[PDB]
Amino acid sequence: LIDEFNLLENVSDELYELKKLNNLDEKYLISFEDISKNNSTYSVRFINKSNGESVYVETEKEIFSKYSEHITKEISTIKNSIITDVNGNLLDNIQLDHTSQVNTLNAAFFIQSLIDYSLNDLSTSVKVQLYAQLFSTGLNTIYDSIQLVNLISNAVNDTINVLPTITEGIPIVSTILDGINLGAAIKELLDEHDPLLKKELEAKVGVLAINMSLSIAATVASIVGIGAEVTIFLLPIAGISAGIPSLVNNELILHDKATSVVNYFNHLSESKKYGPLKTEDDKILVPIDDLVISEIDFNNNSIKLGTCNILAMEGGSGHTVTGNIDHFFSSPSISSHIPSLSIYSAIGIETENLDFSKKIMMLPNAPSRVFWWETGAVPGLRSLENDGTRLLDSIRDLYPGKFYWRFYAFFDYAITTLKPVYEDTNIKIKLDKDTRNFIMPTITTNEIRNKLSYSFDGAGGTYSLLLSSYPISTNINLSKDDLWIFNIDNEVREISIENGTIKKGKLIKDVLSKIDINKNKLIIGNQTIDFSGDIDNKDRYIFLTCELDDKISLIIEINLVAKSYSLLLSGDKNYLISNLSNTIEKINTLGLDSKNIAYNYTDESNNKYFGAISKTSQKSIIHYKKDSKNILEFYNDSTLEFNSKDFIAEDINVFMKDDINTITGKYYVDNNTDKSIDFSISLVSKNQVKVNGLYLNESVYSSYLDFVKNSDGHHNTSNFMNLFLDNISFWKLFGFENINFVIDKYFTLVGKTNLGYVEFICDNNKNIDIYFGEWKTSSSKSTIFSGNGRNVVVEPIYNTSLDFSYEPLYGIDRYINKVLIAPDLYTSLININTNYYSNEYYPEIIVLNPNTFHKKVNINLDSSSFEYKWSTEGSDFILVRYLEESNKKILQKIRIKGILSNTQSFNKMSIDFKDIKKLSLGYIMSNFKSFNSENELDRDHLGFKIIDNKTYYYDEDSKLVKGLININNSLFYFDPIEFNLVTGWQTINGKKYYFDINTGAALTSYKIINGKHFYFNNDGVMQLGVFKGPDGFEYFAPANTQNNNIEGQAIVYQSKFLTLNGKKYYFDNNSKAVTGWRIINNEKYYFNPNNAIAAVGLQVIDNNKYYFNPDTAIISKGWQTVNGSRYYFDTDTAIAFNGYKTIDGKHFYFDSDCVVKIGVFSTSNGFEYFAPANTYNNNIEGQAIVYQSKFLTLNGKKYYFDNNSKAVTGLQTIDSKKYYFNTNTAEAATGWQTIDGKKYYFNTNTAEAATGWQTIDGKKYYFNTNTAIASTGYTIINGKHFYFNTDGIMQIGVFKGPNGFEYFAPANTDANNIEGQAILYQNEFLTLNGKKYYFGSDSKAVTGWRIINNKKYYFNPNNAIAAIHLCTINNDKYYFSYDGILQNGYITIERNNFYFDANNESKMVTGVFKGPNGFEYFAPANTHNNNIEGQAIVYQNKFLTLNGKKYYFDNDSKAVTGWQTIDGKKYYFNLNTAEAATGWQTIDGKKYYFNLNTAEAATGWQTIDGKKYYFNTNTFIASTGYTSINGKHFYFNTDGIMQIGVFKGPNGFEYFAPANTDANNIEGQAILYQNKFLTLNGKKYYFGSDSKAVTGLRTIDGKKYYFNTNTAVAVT
């Protein structure tokens, strides 16, 4: 030890110089593990303690690398003695191998000394090195700057025990499981509840401690309570009342037609009536669907609304308002560039002083929004009155001239389309200290959902949140003491939306596979919760919960900061156990990996149940109280293994390591409140319990030591420990007096003295010895480790002398090796107290010579000099006090080591005795008597040694083993006073063993001892009673029983009965007990082949159940009653009847346990009533009795019996009432049955079929008074007509009878009509919840086309129902107003414009027509970009020829009307139909002519089929009469036809001639024609010099003529 004391100062000196030489501060730490050598130069790492940065310094001196392999070799030894740390708690790995024990002690004792200083710089480097190794991956591998600074901080600023011990002083019961020292750790977790401890104990070593804290109890209760409330609701998804946007053309459209839009506003006006929150189910407040709530303030009892606006209007002219119908001249137009209009400001939504008394609330589902809209031409709407139209009006009126939703310009328009544009909404929820339950909405259009955001402000209460299947970003600001519950039922179950309502379904595989847990972010499946606020609170637990069953709830327990989660199940105890197999598999399906589950449940009657379940093997421990008794139930997988109905322990704790259970507590021995033993117990089998530790308080250990000291040398093997448990009556802890208490390796007993405590432990040999012990007197500290022999070492404690006494050694003296007294420099007194004569062994005392000597050294013995005798052994002085005058012989040996080696130290010694003082070693040698210590068997040999023809065994520490001990799985005995191997017969405290006369081993099983027969168990103890050998079962009996036998020898017993204190045996002729079946005195007996005892009570010998009389042990036959159940055993063969059977004229039934049945059961013989006793005649119990033509009510079901006492099945009439008995059970039916199409109802308390009119819990039915059958279809009930649907429900509406549709009207609608009875309704409308009918003369509803008050309608001839909106009836589309009234013209449908020609019964048609924006080409389908049928299409700058007409269309795709010239041609288009004009046309006075094919205005000369006209090139008018063109003159008819002949112009009659008449003239040109006759058309003319025709009387070439002065024609 001084060898290292020099080495340390050697290596810290050089370390000191190496530091100054590279100018290294006291803040730099050498790092011995990483030193490299490369070609004669060592490179040595130094870590800067402050910032964790590294520096490497070169050296030549090899002391550092040399001393590093010294010390790292010893730290490894220590690191292998420790399993891990759980939150800084180091968990020891207990080693029972003696060389492991002795190696880790030396390493521990070494390193623990270097740490323990105040030079310190080399010391704190060793401590840091060790720390970085036990708690981390080794200093040599850490290179993170921060991680190192924190490691090194922890290493210096705390303190680590690394010396072997188990309790380490703590006065508790130690649990060593799988070789790990868990006991101390689990106490702290249960004491102060560290989140970090709890997590690492579960993760690193598999430990689940369970917490019966009444707080946690309450919490789990309130969580499961919340889950039982919130999950039961059938709520709808978001928007089934407001609407769900459609995505047409990449923008979203909430509503698309006028009526729908008006109705959405109608919906919103419910905020007026019901405030922001309707209370559906009297249990939960629900926000008005799509109402934008942007803050909910629970302190203020107030709401904040978000923004919900609609676009503005601007402009317009001539606003008149007549009959609340806005009329215009210039219609306004919507603008997105003017401020938009708040819809809610028109609504008086009261948003303050709200009744937040209900605890469950659905969150808002509406982000803010600005509504874009559109106007359209829709007819009929002028008579519309809703709370919808009333709201829209209010918006109009709140914001005059900026919003008009239904007006008139030159056609009546209206709001047509509602396009929302959503903006991110953040909804703050400001909580109170109260308790609040929140349900997230299921929002289906993604575009809406990703604008919503929840933000909670915690305030100390309990808050739940029901996650939806489709996530919404939520954020929780944590307060200090608030409790957050997340029920994840929808996130962890397959979801389904059936008619838009949310039903939960299957459990979804592997959802909880990954749970990302982070200081401020949890990820459960698809949902992400973000946390802010008090997010470093190490103590908070957040809870995840869900419902696995009707009655079983799962709670996932999450610590955000310790990034860890744990499992826990709550529910009825007896239920969970019955379904433990099944509800575990649900956990695995979730993909939860946790290997242990805690049980924590509180019933309706307020009794707490606690427990823990191993997932992997389904072993469970349950603890609870009942009538103040302590209950413990251990279940193996739903079947009950161990059950203690009164556990007599205080301070109970329960925990699980992997699948091992441990229960610890205090037990008061003999119920003395002053005698507390502390226990650690693992339940294993029904009648077997494992003890893995006992801590004895001061009183019990002293009683225990007494028991050890009177062990008779039976103080060593594990079975010795069983005999202690016996002596202290420990079975009383449980109640069962024969429990197998299992004492096995790693068992610890640790008792407490008034000076310290000793720790004992079990070997790999199943032997018990001192492991560690320590006690302190006022002045001197006595220590003992199994790893250094089992020597007691006496050292001084500070706060000058060394006291020693034999008294602390009382009882444990057996196990002690030697007492080594070890003085230091500063001890000049060693007091030795020899006058103590109560022990059985007095270990040699060795005074260890201080190697460094001391100024003086003085021993003080309190005995008299004459009792002593000195001796010399080498350089050792010896004193021996021999007390022989008593009856026991005490021999106290004292040896001063090596004091003969130093002639100086030898004369320093003074011993002083009781009667003589200040004596010297010299004096004692010169005057005391001497002796010669020749201890041949105080050798140093390990094993079986053999000395002076006697055999000794030497144990692990090379001591001499004494007593009854296990060696090499064999049992031996060494004399308690002489220690040699004993052979042959030994008594050990009442109980006789026997050890082989050749090998020493105690006898096992059955052997022959010098002519006798002897039976020793596996512990070797001699047994009394009956036991089996290779000749049979003998009776190894007490002494003096049959011819003065010695104990346990098989004796003679033949053909006689033996009853060994409560049993029965029979011995045959050959004196060997009898087994099998055996007939004795003509009477049957069964003796078990395993132990030769007579069976008593019910028994099963080879799948055959017999009853043996409990007193006489003989068979019993016939009827019998055992434990209040009747049985039948065969009168011949005694086998017990099971199944159907017959017995001397009676039917009987017995279920699988051969117990009589009672009731109605089906056999191959019928359905028979196996009846109770004294029911009919004095019938036997269970006898099928005659029950003739009667009804049987079996306190339960109902049966009818026919004449041969058998139950009836099927449909059966009995005494005018109909019944329906089950085919398989024979029992009456109840409720709805359908017996071959026919549907019945059987009254649940009498089973009779219902007859007549009936109200069955919600609706009305009629059951035919003769056949009990439900009514279906049109149906007559005593002359009055009624209607009933497919399931027979009476309907109230309009339905098809054989005489048309009839108003099956409610009660009191015409002259006290009965509800549901058809009535008279003559010449009137009927508007019945949306559907609208008209009833004609006969008060039968009219179908088909029909006009009333000059408004045509159309009632669907399949339901009598008026038509609304666009409709297809007989291949033609019509448009009906909101009230069924047919309309015509320009109607806008879904943002397109169509035409419904009023000249075609208003059929929608394709053509060119006038809409209030122009003439538009209502094209057929697929004419421009896959357009719709009859939709106005774009058609720009093109002509169009259609069905033999011709139009032309301008830039704005609208026809053109009137006089038009289009790219070099003139056209005229009908002011009334935009049709091209074709053919002869008198237009606005002038007469024109347009081409028949191309409708072009004709210009110039044209021949219109038979006649030539000339149309003026300037004005396109057909010219008439004397018309000069191109100089030349022509003459045309009144109707524009060219003429050829003589005609009058301004200058007179000219000749308008054929072509080439004169001077190559063109046809019809007036020509020169001089002094010539011209005779055409029979008429004769003369032309003069002026080429003009002549009138009057004239004289032409001799002849006279008279020419008509009117026509210039010759009339002569």
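- Method information in the entry identifies X-ray crystallography as the source of the structure, with 3.18 Å recorded as the resolution.

## Some points on the environment of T1251
In step 1: Checked against the element boundaries, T1251 lands in the loop between β93 (1238-1242) and β94 (1252-1256).
In step 2: Judged by relative accessible area, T1251 falls into the partly exposed class, the value being 45%.
In step 3: Along the sequence, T1251 and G1032 sit 219 residues apart, while their C-alpha atoms lie 80 Å from each other.
In step 4: Residues within four places of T1251 in sequence aside, it is in contact with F1263, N1264 and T1265.

## Section: empty space enclosed by the protein
It is a probe the size of a water molecule, rolled over the atoms, that shows where empty space is left.
In step 1: Size it by volume and the largest cavity reaches roughly 150 Å³.
In step 2: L235, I439, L466, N490 and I502 are, among the 16 residues lining the largest cavity, the residues nearest its centre.
In step 3: Taken together, the residues that form the lining of the largest cavity break down as eleven nonpolar, four polar and one charged.
In step 4: Approximately 120 Å³ is the volume found for the second largest cavity.
In step 5: Taken together, 17 residues line the second largest cavity, and the ones lying closest to its centre are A238, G239, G243, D290 and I448.
In step 6: Partitioning the lining of the second largest cavity into residue classes produces nine nonpolar, five polar and three charged.

## So, the sheet that holds strand β106 (residues 1373-1376)
In step 1: Spatially, the three strands line up as an open sheet ordered β105-β106-β107, and their pairing is antiparallel. Each having just a single partner strand, β105 (1365-1368) and β107 (1382-1383) make up the two edges of the open sheet.
In step 2: As judged from the four bridges shared by β105 and β106, these two strands associate in the antiparallel manner. Across the sheet, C1367 pairs through a bridge with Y1374, a residue of β106.

## Description of the packing of helix α2 (residues 63-79) against helix α3 (residues 98-115)
Describing two packed helices takes the angle between their axes plus the distance from one axis to the other.
In step 1: In contact at an axis separation of 8 Å, α2 and α3 are set at 120 degrees when each is read in the N-to-C sense. As the angle between them shows, α2 and α3 are arranged oblique. Along this stretch, α2 crosses α3, giving a crossing that reads as left-handed. Between α2, through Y67, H70, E74, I75, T77 and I78, and α3, the contact on the second element is made entirely by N103, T104, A107, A108, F110, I111 and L114.

## A closer look at the nonpolar core
In step 1: Counting residues in hydrophobic clusters, the biggest one holds 105 residues, and the most contacted among them are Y704, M721, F730, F734, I812, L879 and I911.
In step 2: A per-element tally of this core places helix α15 (residues 698-709) first, with six residues.
In step 3: Leaving out residues up to four positions away in the same chain, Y704 has contacts with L696, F720, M721, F724 and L749.
In step 4: If you look at the next biggest cluster of nonpolar residues, it comprises 71 residues, including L252, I448, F456 and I488.

Criteria and thresholds
Residues numbered from 1 in each chain as written, not as in the entry; some residues may be left out. Heavy atoms only, no water. Residues with missing side-chain atoms left out of burial classes, pairs and counts. Helix = DSSP H or I, 4+ residues; strand = E, 2+ residues; numbered from the N terminus. Buried < 20%, exposed > 50% of the residue type's maximum accessible area, 1.4 Å probe, protein only. Contact = heavy atoms within 4.5 Å. 1 Å grid on protein atoms, 1.4 Å probe; cavity = no way out; pocket = protein on both sides within 12 Å on 5 of 7 lines; lining within 4 Å. Points joined across faces, edges and corners; volume = space filled by probe spheres on them. Nonpolar A, V, L, I, M, F, W, Y, C, P; charged D, E, K, R; others polar. Pairing = 2+ DSSP bridges. Axes fitted to C-alpha atoms, helices over the stretch in contact; angles between N-to-C directions. Parallel < 35°, antiparallel > 145°, perpendicular 65-115°, else oblique. Left-handed = near helix turned anticlockwise from the far one by under 90°. Core = buried A, V, L, I, M, F, W, Y, C linked by side-chain atoms within 4.5 Å.

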